[PDB]
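Heads up, the thing below is written out as structure tokens.
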2 protein chains.
Amino acid sequence: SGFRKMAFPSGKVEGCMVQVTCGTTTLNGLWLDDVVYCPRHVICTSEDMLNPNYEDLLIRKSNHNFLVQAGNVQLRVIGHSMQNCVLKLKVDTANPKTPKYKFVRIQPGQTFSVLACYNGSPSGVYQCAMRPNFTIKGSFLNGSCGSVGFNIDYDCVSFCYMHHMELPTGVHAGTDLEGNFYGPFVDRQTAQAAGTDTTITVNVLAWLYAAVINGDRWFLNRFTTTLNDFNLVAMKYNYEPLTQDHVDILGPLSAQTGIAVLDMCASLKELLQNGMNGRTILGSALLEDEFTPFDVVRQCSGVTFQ
Amino acid sequence: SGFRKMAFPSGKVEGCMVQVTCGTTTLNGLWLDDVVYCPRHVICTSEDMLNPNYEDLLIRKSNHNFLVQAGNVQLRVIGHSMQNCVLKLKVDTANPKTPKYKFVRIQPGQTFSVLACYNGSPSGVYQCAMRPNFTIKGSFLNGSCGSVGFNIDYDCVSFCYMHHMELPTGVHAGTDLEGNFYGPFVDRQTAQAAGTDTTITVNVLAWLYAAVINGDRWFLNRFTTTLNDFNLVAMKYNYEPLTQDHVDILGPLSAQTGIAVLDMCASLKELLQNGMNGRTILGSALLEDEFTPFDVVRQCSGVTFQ
Ligand SMILES: *[C@@H](Cl)C(=O)N(c1cncc(Cl)c1)c1cccc(-c2cc(Cl)cc3cn(C)nc23)c1
Ligand SMILES: *[C@@H](Cl)C(=O)N(c1cncc(Cl)c1)c1cccc(-c2cc(Cl)cc3cn(C)nc23)c1
């Protein structure tokens with residue numbers, strides 16, 4: 001037992017991280033087969049980055065303007081192209097460490113692991129969620145752009161995120177691996193800002209089930225509620241609506257604990273109206289919304305990856 | 001910016017994990033050079049595990065009683081011996097993926113990453129602290145014994161922990177890699193139990209500095225306090241004492257923020273006496289004590305590992 005914010009083993013991804021330099025800008029790239037993926041703002045300078053035309057900027061570059069270093073071994077760039085907000089740098093060597101992989105785009109409310117990197121060297125790993133407003137609450141310093149987020153499903157790495165920027169509030173924004181931003185953010189200096197977030201309701205319920213599975217039960221009650229009457233309270237407290245699909249997805253956790261989904265909603269209702277009154281759940285004094293029903297089943301049942 | 005519970009990249013350790021089977025018991029082992037390290041209770045059965053004599057049990061075993069699987073490749077055991085509570089299984093192949101490494105024993109209050117494993121396959125990675133009572137609050141299911149905890153310093157893996165058991169309260173206990181338990185726990189079925197824990201004071205202060213570095217300042221005040229008068233309050237709330245050495249170690253974080261160490265103690269004093277009153281710090285409504293001063297400098301400054 002126990003319940004922790006768990007990331008996927010990062011090794012398969014560590015073997016893909018490289019350093020990409022163009023002019024005075026150094027950042028991280030992802031090396032799969034014979035292509036290195038990196039944020040296209042690598043080709044911009046400080047004054048470029050104000051209001052740039054990336055097609056103009058890129059036609060002025062050459063293969064030899066991109067230094068790629070894979071460890072202490074230089075990769076030779078033999079072609080380059082832009083796809084949306086990422087650069088694709090064709091190199092003369094296929095990455096011998098290429099895992100089986102897919103490029104997938106996730107939904108707000110879904111989680112993923114982040115391998116933070118600087119100068120192509122992995123620094124740390126942690127677990128994030130895509131917020132309903134398409135930001136993530138990460139940990140990123142200057143030079144971390146190009147770090148990726150991913151999930152692992154048996155032996156296959158599903159890359160979902162490439163880091164691009166930090167917004168004024170300290171939250172982070174980036175793209176999927178086809179270079180399409182998550183949310184209404186651009187790789188130009190504007191006054192862009194996050195926008196109002198909500199709490200991921202289905203995830204809080206999943207975590208409440210994790211808590212029961214791990215022996216925290218003080219928040220349970222004999223009450224129940226209808227889906228509609230719960231949603232009227234959820235809206236009040238800036239929680240997103242709960243759908244029948246969410247109820248179905250919470251099915252297995254319901255059956256394992258014997259607490260009907262709508263009963264746990266009644267428990268959440270009372271937590272929202274009363275607060276926690278000195279007590280904690282799974283070592284938290286807040287309702288945690290960055291674990292999916294999948295994450296809870298995985299951690300509380302023990303699936304591995306190979 | 002941002003601040004997350006960050007683990008070290010786990011790849012160097014993933015390449016050392018193997019499966020060890022003896023009789024009907026399967027668990028994880030650590031394969032470095034030509035030795036596989038695993039918990040010695042692998043040789044026990046259910047009724048053995050009540051009150052066992054491990055020297056007796058081990059002299060009755062043979063090399064061929066230990067099946068070691070490194071992925072889908074069987075390793076041949078050519079020798080075995082016991083060191084304290086671990087087994088050392090000499091195999092006929094040196095692990096080609098052996099990193100530079102050290103076996104180190106950590107102090108309560110220090111942190112480390114855990115690579116949870118089942119059947120020799122890595123499952124997830126997360127960050128723990130050694131509690132003052134020599135337990136850790138982990139996430140471990142049946143079959144995870146033999147998973148290890150570690151830190152990385154440039155390119156060298158310092159292994160500090162091998163998982164052995166879960167105590168009745170849901171917390172976890174194990175050994176260093178020489179097989180000496182952390183704390184007063186034994187690998188026999190007794191009624192052993194955790195014992196009273198305290199909060200790691202120097203770590204809370206480190207995390208308060210992390211918060212200031214990341215823009216949370218509402219808890220700051222103009223007050224100050226003496227070391228002795230702070231410690232009188234710390235004891236009341238079950239915090240461990242703060243020493244001049246802790247003050248010296250908080251030096252760099254003090255200088256970076258311009259908040260004298262003793263001033264931040266005055267801030268903590270008031271948080272302890274008043275609570276947080278609806279507010280949060282770094283996304284927590286509790287005072288977090290599982291980040292060291294080292295961890296904060298690392299994350300808020302950006303060191304990598306290669
Ligand atoms: C890589 Cl060069 C990099 O990591 N960052 C960065 C990312 N996350 C946090 C922090 Cl503090 C820095 C980075 C550095 C310089 C500029 C930018 C950047 C990126 C975009 Cl997409 C837009 C934009 C607009 N401005 C002024 N800077 C931007 C990111
Ligand atoms: C490996 Cl066999 C294993 O992972 N565990 C285990 C570890 N952590 C959590 C859980 Cl729920 C299980 C394990 C399985 C069976 C027995 C033991 C064990 C270990 C020790 Cl050191 C002592 C002891 C006493 N008893 C009754 N079981 C014990 C651990």
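Residue names in the structure tokens use chain letters A, B, ... in the order shown, residue numbers from 1 in each chain, and ligand numbers from 1 in the order shown.
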Exercise. Could you tell me, as JSON, numbers by chain, which residues of region 91-281 of chain B DSSP assigns to helix (DSSP H, G or I) when given the backbone?
Key: {"B": [201, 202, 203, 204, 205, 206, 207, 208, 209, 210, 211, 212, 213, 227, 228, 229, 230, 231, 232, 233, 234, 235, 236, 244, 245, 246, 247, 248, 249, 251, 252, 253, 254, 255, 256, 257, 261, 262, 263, 264, 265, 266, 267, 268, 269, 270, 271, 272, 273, 274]}
Could you fit chain B onto chain A by least squares over every C-alpha atom, paired in order, and give me the moved chain as a short mmCIF file (atom, residue, chain, number, x, y, z; two decimals) with C-alpha atoms, in the first residue's frame?
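Listed below is the output, out-v8.cif:
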data_model
loop_
_atom_site.label_atom_id
_atom_site.label_comp_id
_atom_site.auth_asym_id
_atom_site.auth_seq_id
_atom_site.Cartn_x
_atom_site.Cartn_y
_atom_site.Cartn_z
CA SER B 1 0.00 0.00 0.00
CA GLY B 2 0.81 3.72 0.05
CA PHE B 3 0.08 6.32 -2.60
CA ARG B 4 2.63 8.59 -4.25
CA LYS B 5 2.83 10.91 -7.21
CA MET B 6 4.58 8.37 -9.44
CA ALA B 7 6.34 9.00 -12.74
CA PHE B 8 7.15 6.37 -15.38
CA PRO B 9 10.71 4.98 -15.51
CA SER B 10 12.53 7.52 -17.68
CA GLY B 11 15.34 5.44 -19.17
CA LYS B 12 13.75 4.86 -22.58
CA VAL B 13 13.40 8.63 -22.95
CA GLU B 14 16.82 9.54 -21.50
CA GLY B 15 18.39 7.67 -24.43
CA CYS B 16 16.69 10.09 -26.89
CA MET B 17 17.69 13.43 -25.39
CA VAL B 18 20.25 15.58 -27.25
CA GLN B 19 21.50 19.18 -27.29
CA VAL B 20 20.63 21.53 -30.16
CA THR B 21 22.50 24.81 -30.70
CA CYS B 22 21.69 27.52 -33.23
CA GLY B 23 23.55 30.80 -32.95
CA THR B 24 23.72 31.60 -29.24
CA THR B 25 20.60 29.62 -28.26
CA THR B 26 21.08 26.13 -26.80
CA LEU B 27 18.16 23.83 -25.93
CA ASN B 28 17.05 20.18 -25.89
CA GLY B 29 15.97 17.96 -28.74
CA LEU B 30 14.38 14.55 -29.09
CA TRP B 31 16.27 12.07 -31.26
CA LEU B 32 14.16 9.26 -32.72
CA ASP B 33 15.28 7.23 -35.75
CA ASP B 34 17.19 9.82 -37.85
CA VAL B 35 15.25 12.98 -36.86
CA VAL B 36 15.81 15.44 -33.99
CA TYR B 37 12.71 17.34 -32.83
CA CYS B 38 13.10 20.67 -31.07
CA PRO B 39 11.18 23.93 -30.50
CA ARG B 40 11.33 26.17 -33.54
CA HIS B 41 12.14 29.25 -31.49
CA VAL B 42 15.71 27.85 -31.32
CA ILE B 43 16.33 29.85 -34.52
CA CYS B 44 15.25 33.15 -32.96
CA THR B 45 17.34 35.75 -31.18
CA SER B 46 16.11 38.04 -28.40
CA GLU B 47 14.93 40.73 -30.83
CA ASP B 48 13.65 38.09 -33.28
CA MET B 49 11.50 36.62 -30.54
CA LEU B 50 9.37 39.78 -30.27
CA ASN B 51 7.25 39.43 -33.45
CA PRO B 52 8.90 36.85 -35.76
CA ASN B 53 8.14 35.36 -39.18
CA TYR B 54 9.41 31.81 -38.81
CA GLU B 55 9.27 30.94 -42.50
CA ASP B 56 11.44 33.99 -43.23
CA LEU B 57 13.80 33.18 -40.36
CA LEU B 58 14.10 29.52 -41.38
CA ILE B 59 14.81 30.02 -45.12
CA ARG B 60 17.82 32.13 -43.98
CA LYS B 61 19.31 29.16 -42.11
CA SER B 62 21.48 26.29 -43.35
CA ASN B 63 22.05 22.71 -42.22
CA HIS B 64 25.43 23.77 -40.79
CA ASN B 65 23.80 26.40 -38.55
CA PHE B 66 22.42 23.58 -36.31
CA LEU B 67 24.94 21.95 -33.98
CA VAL B 68 23.46 18.73 -32.55
CA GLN B 69 25.39 16.97 -29.75
CA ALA B 70 24.35 13.48 -28.60
CA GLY B 71 26.36 13.20 -25.40
CA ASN B 72 29.96 13.97 -26.36
CA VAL B 73 29.34 12.91 -29.98
CA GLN B 74 28.39 15.41 -32.69
CA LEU B 75 25.54 14.49 -35.06
CA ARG B 76 25.67 15.83 -38.61
CA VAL B 77 22.53 17.65 -39.81
CA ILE B 78 21.66 16.77 -43.42
CA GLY B 79 18.20 18.37 -43.70
CA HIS B 80 15.76 20.59 -41.81
CA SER B 81 12.10 21.53 -42.00
CA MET B 82 9.42 23.12 -39.89
CA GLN B 83 6.25 21.38 -38.79
CA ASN B 84 3.93 23.82 -36.98
CA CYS B 85 5.93 25.01 -33.92
CA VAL B 86 8.63 22.28 -33.97
CA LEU B 87 11.73 21.85 -36.10
CA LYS B 88 12.55 18.49 -37.69
CA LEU B 89 16.33 18.11 -38.10
CA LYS B 90 17.25 15.13 -40.30
CA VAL B 91 20.60 13.76 -39.08
CA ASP B 92 22.90 11.24 -40.74
CA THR B 93 22.61 8.66 -37.90
CA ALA B 94 19.58 6.75 -36.65
CA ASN B 95 19.34 6.77 -32.84
CA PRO B 96 20.38 3.21 -31.88
CA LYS B 97 18.40 3.63 -28.64
CA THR B 98 15.07 4.44 -30.35
CA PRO B 99 12.22 2.81 -28.37
CA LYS B 100 8.95 1.73 -29.85
CA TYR B 101 6.95 4.98 -29.75
CA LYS B 102 3.88 6.96 -30.82
CA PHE B 103 3.09 10.69 -30.98
CA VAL B 104 -0.26 11.18 -29.17
CA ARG B 105 -2.14 14.29 -28.06
CA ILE B 106 -3.74 14.13 -24.61
CA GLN B 107 -6.94 15.67 -23.09
CA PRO B 108 -7.09 18.18 -20.23
CA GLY B 109 -7.40 16.01 -17.14
CA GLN B 110 -4.93 13.35 -18.35
CA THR B 111 -1.51 12.89 -16.72
CA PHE B 112 2.03 12.32 -17.99
CA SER B 113 5.64 12.14 -16.84
CA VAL B 114 8.10 14.97 -17.60
CA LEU B 115 11.85 14.38 -18.03
CA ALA B 116 13.33 17.82 -17.34
CA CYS B 117 16.57 18.42 -19.26
CA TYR B 118 19.29 21.05 -19.75
CA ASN B 119 21.97 20.97 -22.47
CA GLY B 120 20.61 17.59 -23.52
CA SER B 121 21.34 16.02 -20.09
CA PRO B 122 18.40 14.69 -18.04
CA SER B 123 17.94 16.44 -14.69
CA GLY B 124 14.81 15.03 -13.02
CA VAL B 125 11.49 13.29 -13.57
CA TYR B 126 8.05 14.19 -12.24
CA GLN B 127 4.36 13.69 -12.93
CA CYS B 128 2.10 16.44 -14.38
CA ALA B 129 -1.48 16.92 -15.49
CA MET B 130 -2.80 18.94 -18.45
CA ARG B 131 -4.95 21.52 -16.68
CA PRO B 132 -8.44 22.30 -18.04
CA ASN B 133 -6.95 25.59 -19.32
CA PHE B 134 -4.24 23.71 -21.29
CA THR B 135 -1.31 24.74 -19.06
CA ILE B 136 0.72 22.45 -16.84
CA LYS B 137 2.14 23.25 -13.42
CA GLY B 138 5.72 22.15 -14.03
CA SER B 139 9.25 22.83 -12.85
CA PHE B 140 11.29 24.37 -15.65
CA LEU B 141 14.19 26.85 -15.75
CA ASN B 142 15.82 28.68 -18.65
CA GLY B 143 17.22 26.08 -21.00
CA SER B 144 14.61 23.40 -20.31
CA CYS B 145 12.64 24.04 -23.51
CA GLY B 146 12.60 20.90 -25.67
CA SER B 147 12.10 18.60 -22.65
CA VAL B 148 9.28 16.16 -23.32
CA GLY B 149 6.35 14.60 -21.51
CA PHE B 150 5.33 11.01 -22.10
CA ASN B 151 3.43 7.94 -20.94
CA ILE B 152 4.54 4.29 -21.22
CA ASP B 153 2.23 1.44 -22.22
CA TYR B 154 4.04 -1.87 -21.85
CA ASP B 155 7.17 -1.22 -23.97
CA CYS B 156 5.94 1.72 -26.11
CA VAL B 157 6.60 5.39 -25.26
CA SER B 158 3.67 7.67 -26.11
CA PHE B 159 5.16 11.15 -26.36
CA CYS B 160 2.53 13.80 -25.67
CA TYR B 161 4.31 17.08 -24.77
CA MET B 162 7.24 19.26 -25.71
CA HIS B 163 8.11 22.18 -23.40
CA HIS B 164 8.24 25.69 -24.92
CA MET B 165 7.67 28.50 -22.42
CA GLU B 166 6.70 29.77 -18.97
CA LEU B 167 3.70 32.10 -18.68
CA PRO B 168 3.73 35.15 -16.37
CA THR B 169 1.93 33.26 -13.56
CA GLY B 170 4.67 30.64 -13.32
CA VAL B 171 2.78 27.90 -15.20
CA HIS B 172 4.02 26.28 -18.38
CA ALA B 173 2.90 25.85 -21.98
CA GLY B 174 4.02 23.80 -24.95
CA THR B 175 3.07 21.62 -27.89
CA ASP B 176 2.31 18.07 -28.80
CA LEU B 177 5.06 16.40 -30.85
CA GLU B 178 3.48 17.47 -34.14
CA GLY B 179 4.14 21.00 -32.91
CA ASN B 180 0.56 22.12 -32.21
CA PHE B 181 0.22 24.13 -29.01
CA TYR B 182 -1.87 22.94 -26.17
CA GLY B 183 -4.23 25.86 -25.58
CA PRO B 184 -4.29 29.38 -27.02
CA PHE B 185 -0.59 30.14 -26.67
CA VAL B 186 1.91 31.24 -29.34
CA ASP B 187 5.70 31.17 -29.61
CA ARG B 188 5.98 34.96 -29.78
CA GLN B 189 6.30 37.55 -27.02
CA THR B 190 2.74 38.68 -26.38
CA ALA B 191 0.95 39.47 -23.14
CA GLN B 192 -0.64 36.00 -23.29
CA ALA B 193 -1.82 34.56 -19.98
CA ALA B 194 -3.29 31.36 -18.58
CA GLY B 195 -6.94 32.00 -18.23
CA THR B 196 -9.24 30.63 -15.55
CA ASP B 197 -8.67 27.02 -14.46
CA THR B 198 -11.09 24.50 -12.86
CA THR B 199 -10.65 21.41 -10.69
CA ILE B 200 -10.73 18.02 -12.44
CA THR B 201 -13.69 16.41 -10.67
CA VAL B 202 -13.35 12.82 -11.91
CA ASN B 203 -9.71 12.83 -10.73
CA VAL B 204 -10.58 14.00 -7.19
CA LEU B 205 -13.06 11.10 -6.97
CA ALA B 206 -10.39 8.69 -8.20
CA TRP B 207 -8.02 9.93 -5.47
CA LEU B 208 -10.76 9.60 -2.83
CA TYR B 209 -11.05 5.95 -3.94
CA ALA B 210 -7.24 5.64 -3.68
CA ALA B 211 -7.57 6.90 -0.11
CA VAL B 212 -10.22 4.32 0.85
CA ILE B 213 -8.07 1.59 -0.71
CA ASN B 214 -5.23 2.85 1.52
CA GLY B 215 -7.30 3.05 4.71
CA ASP B 216 -8.45 6.68 4.90
CA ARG B 217 -12.23 6.46 5.48
CA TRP B 218 -13.18 9.35 7.84
CA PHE B 219 -14.73 11.29 4.93
CA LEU B 220 -17.18 8.54 4.03
CA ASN B 221 -20.85 8.88 4.89
CA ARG B 222 -24.16 7.05 4.61
CA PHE B 223 -25.61 9.79 2.37
CA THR B 224 -26.00 9.72 -1.38
CA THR B 225 -26.95 12.15 -4.15
CA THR B 226 -28.11 12.33 -7.73
CA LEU B 227 -25.70 13.19 -10.51
CA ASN B 228 -27.62 16.40 -11.18
CA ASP B 229 -27.66 17.55 -7.55
CA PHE B 230 -23.92 16.90 -7.25
CA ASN B 231 -23.17 18.92 -10.38
CA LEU B 232 -25.08 21.90 -8.97
CA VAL B 233 -22.64 21.93 -6.05
CA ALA B 234 -19.59 21.17 -8.21
CA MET B 235 -20.22 24.26 -10.33
CA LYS B 236 -20.40 26.45 -7.21
CA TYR B 237 -16.87 25.46 -6.19
CA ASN B 238 -15.33 25.76 -9.69
CA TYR B 239 -15.20 21.98 -10.29
CA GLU B 240 -15.89 20.76 -13.76
CA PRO B 241 -19.07 18.77 -14.43
CA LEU B 242 -19.23 15.02 -13.89
CA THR B 243 -20.67 12.92 -16.71
CA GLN B 244 -22.14 9.45 -16.91
CA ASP B 245 -18.96 8.50 -18.79
CA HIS B 246 -16.92 9.54 -15.72
CA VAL B 247 -19.25 7.41 -13.57
CA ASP B 248 -18.72 4.42 -15.85
CA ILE B 249 -14.93 4.95 -15.76
CA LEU B 250 -15.04 4.98 -11.93
CA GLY B 251 -16.85 1.61 -12.10
CA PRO B 252 -13.94 -0.71 -11.27
CA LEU B 253 -12.83 1.45 -8.35
CA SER B 254 -16.44 1.47 -7.12
CA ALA B 255 -16.66 -2.32 -7.29
CA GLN B 256 -13.30 -2.87 -5.60
CA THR B 257 -14.30 -0.67 -2.64
CA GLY B 258 -18.05 -1.28 -2.61
CA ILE B 259 -18.71 2.45 -2.50
CA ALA B 260 -21.11 3.41 -5.25
CA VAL B 261 -19.86 6.29 -7.37
CA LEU B 262 -22.76 8.53 -6.40
CA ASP B 263 -22.09 7.84 -2.71
CA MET B 264 -18.55 9.13 -3.07
CA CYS B 265 -19.96 12.22 -4.77
CA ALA B 266 -22.02 12.78 -1.62
CA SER B 267 -18.76 12.52 0.34
CA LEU B 268 -17.07 15.06 -1.93
CA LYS B 269 -20.07 17.42 -1.67
CA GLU B 270 -19.65 17.50 2.12
CA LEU B 271 -15.89 18.04 1.89
CA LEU B 272 -16.54 20.99 -0.43
CA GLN B 273 -19.18 22.49 1.89
CA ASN B 274 -17.44 21.79 5.22
CA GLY B 275 -13.75 21.73 4.42
CA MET B 276 -11.54 19.13 6.06
CA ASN B 277 -11.52 20.37 9.70
CA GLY B 278 -7.92 19.56 10.73
CA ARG B 279 -7.75 16.21 8.99
CA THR B 280 -5.80 15.06 5.97
CA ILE B 281 -6.32 12.56 3.15
CA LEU B 282 -3.36 10.59 1.78
CA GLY B 283 -1.06 13.10 3.48
CA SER B 284 -2.77 16.10 1.85
CA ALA B 285 -4.95 18.83 3.36
CA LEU B 286 -6.29 19.69 -0.13
CA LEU B 287 -8.43 17.74 -2.56
CA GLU B 288 -5.91 16.40 -5.09
CA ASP B 289 -6.96 16.41 -8.75
CA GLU B 290 -3.87 15.22 -10.68
CA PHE B 291 -4.44 11.43 -10.45
CA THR B 292 -6.64 9.78 -13.09
CA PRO B 293 -8.78 6.67 -12.46
CA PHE B 294 -6.15 4.84 -14.57
CA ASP B 295 -3.29 6.10 -12.37
CA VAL B 296 -5.05 4.85 -9.22
CA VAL B 297 -5.78 1.38 -10.59
CA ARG B 298 -2.17 1.18 -11.85
CA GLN B 299 -0.55 2.20 -8.57
CA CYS B 300 -2.99 0.35 -6.31
CA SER B 301 -2.70 -2.86 -8.42
CA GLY B 302 0.89 -2.87 -9.69
CA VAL B 303 1.32 -2.88 -13.50
CA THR B 304 4.89 -2.68 -14.84
CA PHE B 305 6.41 -1.74 -18.20
CA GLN B 306 9.06 -3.50 -20.28
#
Exercise. Report the residues of region 38-210 of chain B whose backbone DSSP state falls under strand (DSSP E or B), written as an MDAnalysis selection string.
Key: chainID B and resid 38:39 66:70 73:75 77:83 86:91 101:103 111:118 121:129 136 148:153 156:166 172:175 181 199
